[PDB]
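Taken together, the values in this text are just the output of simple stated rules run on the coordinates, not laboratory data. Cβ sites come from the backbone with ideal geometry, for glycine too, and all protein chains shown count toward neighbours.
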Amino acid sequence: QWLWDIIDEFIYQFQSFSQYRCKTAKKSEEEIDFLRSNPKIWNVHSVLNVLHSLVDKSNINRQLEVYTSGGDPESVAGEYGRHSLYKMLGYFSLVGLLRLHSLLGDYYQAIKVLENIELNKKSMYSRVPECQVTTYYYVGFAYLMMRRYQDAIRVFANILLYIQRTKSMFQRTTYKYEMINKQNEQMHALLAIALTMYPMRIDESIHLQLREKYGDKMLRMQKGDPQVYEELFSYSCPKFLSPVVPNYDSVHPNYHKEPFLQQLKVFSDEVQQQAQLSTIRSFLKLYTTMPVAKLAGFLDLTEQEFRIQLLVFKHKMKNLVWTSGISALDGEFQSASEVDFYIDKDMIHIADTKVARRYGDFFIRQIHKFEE
Amino acid sequence: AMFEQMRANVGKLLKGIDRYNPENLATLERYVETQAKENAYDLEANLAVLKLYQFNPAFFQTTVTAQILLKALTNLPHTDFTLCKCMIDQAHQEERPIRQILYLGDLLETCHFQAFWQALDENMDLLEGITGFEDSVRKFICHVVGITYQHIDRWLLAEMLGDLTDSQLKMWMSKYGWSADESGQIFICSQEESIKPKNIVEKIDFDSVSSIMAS
């Protein structure tokens with residue numbers, strides 16, 4: 001009862017404020033102007049937007065994942081709760097992007113994604129690191145869903161770096177500080193499995209404490225064990241969807257695991273054959289143009305007799321991960337071995353290191369201010 | 001030409017609050033068939049019907065989802081068909097004709113084109129009933145041939161396209177300008193034109209790095 005005394009009092013206070021949101025932003029200049037003046041912080045005004053991003057999503061996820069029939073939650077929020085706030089004229093501040101990226105978050109859990117186009121187009125206001133890191137969060141996830149593994153893996157690198165010149169300080173990632181650490185860790189780990197004999201960019205993204213364990217995971221996954229298919233997929237699911245609260249686990253109510261059938265089994269199909277793409281590339285491409293010695297050496301390696309070695313070989317070259325040609329008279333297999341790049345880290349660091357100098361020189365000149 | 005007469009209407013439907021209202025399925029399920037029959041496409045209208053079907057599983061209609069699924073598979077290697085299974089329920093992937101359509105879809109992603117045309121059942125008149133579908137999948141076969149072959153044998157390219165005859169293959173030969181070579185393969189692409197490496201070449205980033213190191 002204490003459970004749904006808290007839950008219901010969030011939504012009823014948000015439904016209250018939703019009317020104030022629509023009322024102030026659009027037309028009442030003097031009410032906005034009166035609100036600019038009185039406090040020393042306009043931070044109180046702005047926080048309440050994306051504070052209610054993740055708290056409302058929690059409360060609606062509970063009501064979603066308790067009532068699976070005669071749907072009250074999902075059409076009320078979708079119609080009224082979300083579109084009224086966002087579709088109409090933005091408040092003049094970062095609040096226009098806050099309500100945008102609150103809506104982008106709400107739009108992310110729903111698996112209907114195609115208006116990521118126009119959400120970026122309506123992000124007219126400048127990309128502050130606060131708004132930008134949370135844009136690249138979802139935009140990278142959108143590329144992860146687009147099967148643009150090579151694009152998304154770069155986008156996850158920057159947001160996990162912790163020299164995007166974040167400083168926070170006053171609770172703008174609060175109570176989920178390490179979610180940004182572990183979700184970017186996790187979703188980057190899936191992308192490394194698909195392609196990698198290219199980056200050589202994983203050094204920047206993830207630190208060696210985790211690179212060591214996730215490194216051996218990919219190898220153990222693709223080569224010799226489907227065990228990593230399990231444990232990777234266990235950690236990947238809470239982070240792929242982001243279901244903010246799983247409901248109280250008990251057998252007396254059912255009510256909760258039924259949505260989790262869909263939610264989970266939706267992502268089963270993702271990692272299923274995308275993982276089995278990996279093992280083909282896993283065997284290093286030892287000799288770039290393969291004669292009879294190496295082509296048969298690789299067709300001994302693909303699968304054994306008899307039936308249907310060549311067919312399966314020529315099915316898998318198509319996907320994205322080989323570029324090659326067949327010759328008839330020679331009987332020769334000629335192929336493409338492409339590689340990435342060595343050092344791209346140093347020249348990106350040359351500014352980052354100078355920020356270690358800068359905020360060094362600056363913070364002590366704030367202490368040199370005080371004790372002088 | 002009913003596709004062109006619903007674009008403006010359905011465009012404002014799918015940007016409003018009518019894409020989480022189930023009542024709009026009248027105009028929307030009609031417009032889904034208008035894609036399939038008239039050989040046109042709109043991902044958003046499909047995905048909204050799929051989302052409204054995911055909302056209330058009872059309103060799911062098998063043929064309307066087949067008209068989504070089949071036309072998703074014409075548009076590969078895009079993630080249109082990825083977004084289909086994401087909204088289609090556990091119950092709803094075991095329906096007819098859905099189960100056969102999904103299985104055939106799996107073959108196209110893993111690019112088992114030989115197995116695709118073997119797998120076909122020819123008594124399902126719905127798969128004949130989608131206009132330009134039989135050629136669309138063939139155009140996607142030849143699309144990926146161009147990306148990852150430098151040559152292909154005449155018998156080989158035939159078999160991938162459903163065991164074509166000599167005369168049937170003349171269309172596909174002419175389509176991307178492909179032509180015969182000595183003994184006796186069909187040319188697809190030049191060897192240096194297919195590979196396209198963008199590998200080792202950087203460390204030419206002097207200008208920016210000196211502009212920031214200027215002071």
Complete set of residues in region B:26-56 that are of a type in the set (A, V, I, L, M, F, W, C), away from chain A (no Cβ under 12 Å) and in contact with a helix residue (DSSP H, G or I) (Cβ under 6 Å, 6 or more places away or on another chain): B:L28, B:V32, B:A36
Expected single match for touching a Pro at 6+ places or on another chain (Cβ under 9 Å) and either part of a helix (DSSP H, G or I) or facing chain B (nearest Cβ under 8 Å) (or both) among A:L320, A:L299 is A:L320
Checked against (1) at the interface with another protein chain (Cβ under 10 Å from one of its Cβ atoms); (2) more than 24 Å from B:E109 (Cβ to Cβ); (3) assigned to a helix (DSSP H, G or I), B:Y20 satisfies every condition except (3)
Quick one: in region A:63-84, of everything that is touching a residue at least 40 places away in the same chain (Cβ under 8 Å) and within 12 Å of chain B (Cβ to nearest Cβ), which residue is nearest to A:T24 (Cα to Cα)? A:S84
Going residue by residue through region B:57-76, is there one that turns out to be within 13 Å of chain A (Cβ to nearest Cβ), touching a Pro at 6+ places or on another chain (Cβ under 7 Å) and of a type outside the set (A, V, I, L, M)? yes
Every residue from region B:5-17 that is more than 10 Å from chain A (Cβ to nearest Cβ) and either surrounded by 17 or more Cβ atoms within 10 Å (Cβ to Cβ) or not in a helix (DSSP H, G or I) (or both): B:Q5, B:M6, B:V10, B:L13
Would you confirm whether or not region A:60-67 contains a residue that is assigned to a helix (DSSP H, G or I) and in contact with a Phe, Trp or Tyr (Cβ under 8 Å, 6 or more places away or on another chain)? no
Taking the conditions exactly as written (within 25 Å of A:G224 (Cβ to Cβ) and touching a residue at least 60 places away in the same chain (Cβ under 8 Å)), does A:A296 satisfy them or not? no
Residue count, region A:240-262, condition under 28 Å from A:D216 (Cα atoms) and either within 14 Å of chain B (Cβ to nearest Cβ) or outside any loop (DSSP other than H, G, I, E, B) (or both), comes to 2
If only one of A:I367, A:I350, A:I343, A:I308 is away from chain B (no Cβ under 14 Å) and surrounded by fewer than 16 Cβ atoms within 10 Å (Cβ to Cβ), which one is it? A:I367
Would it be correct to say that B:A119 is out of contact with any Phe, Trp or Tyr (no Cβ under 6 Å at 6 or more places or on another chain) and in contact (Cβ under 8 Å) with a residue 12 or more places away in the chain? yes
Given the condition surrounded by fewer than 14 Cβ atoms within 10 Å (Cβ to Cβ) and of a type in the set (S, T, N, Q), answer yes or no: does some residue in region A:38-51 qualify? yes
Those residues of region B:84-97 that are crowded, with 20+ Cβ neighbours inside 10 Å and more than 7 Å from chain A (Cβ to nearest Cβ) come to a total of 2
Among the helices (runs of 4 or more DSSP H) contained in region A:79-175, which hold 2 or more residues that are under 27 Å from B:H78 (Cα atoms) and out of contact with any helix residue (DSSP H, G or I) (no Cβ under 6 Å at 6 or more places or on another chain)? A:95-109, A:116-121, A:129-145, A:149-158
Test result for A:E270, at the interface with chain B (Cβ under 9 Å from one of its Cβ atoms), assigned to a helix (DSSP H, G or I), surrounded by 12 or more Cβ atoms within 10 Å (Cβ to Cβ) and of a type outside the set (A, V, I, L, M): yes
Which one of these does A:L329 not meet: (1) more than 8 Å from chain B (Cβ to nearest Cβ); (2) farther than 30 Å from B:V209 by Cβ; (3) exposed (fewer than 12 other Cβ atoms within 10 Å of the Cβ)? (1)
Could you pull out the residue among B:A40, B:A36 that is surrounded by fewer than 18 Cβ atoms within 10 Å (Cβ to Cβ), among the small types (G, A, S) and farther than 18 Å from A:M145 by Cβ? B:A40
Looking at region B:171-205 only, could you name the residues that are within 7 Å of chain A (Cβ to nearest Cβ) and in a helix (DSSP H, G or I)? B:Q191, B:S194, B:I195
Every residue in region A:4-50 that is among the aliphatic types (A, V, I, L, M) and either over 30 Å from the mean Cα position of the chain (by Cα) or not in a helix (DSSP H, G or I) (or both), please. A:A25, A:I32, A:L35, A:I41
Looking only at region B:168-207, which residues are of a type in the set (S, T, Y), surrounded by 10 or more Cβ atoms within 10 Å (Cβ to Cβ) and without any contact (Cβ under 8 Å) to a residue 12 or more places away in the chain? B:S174
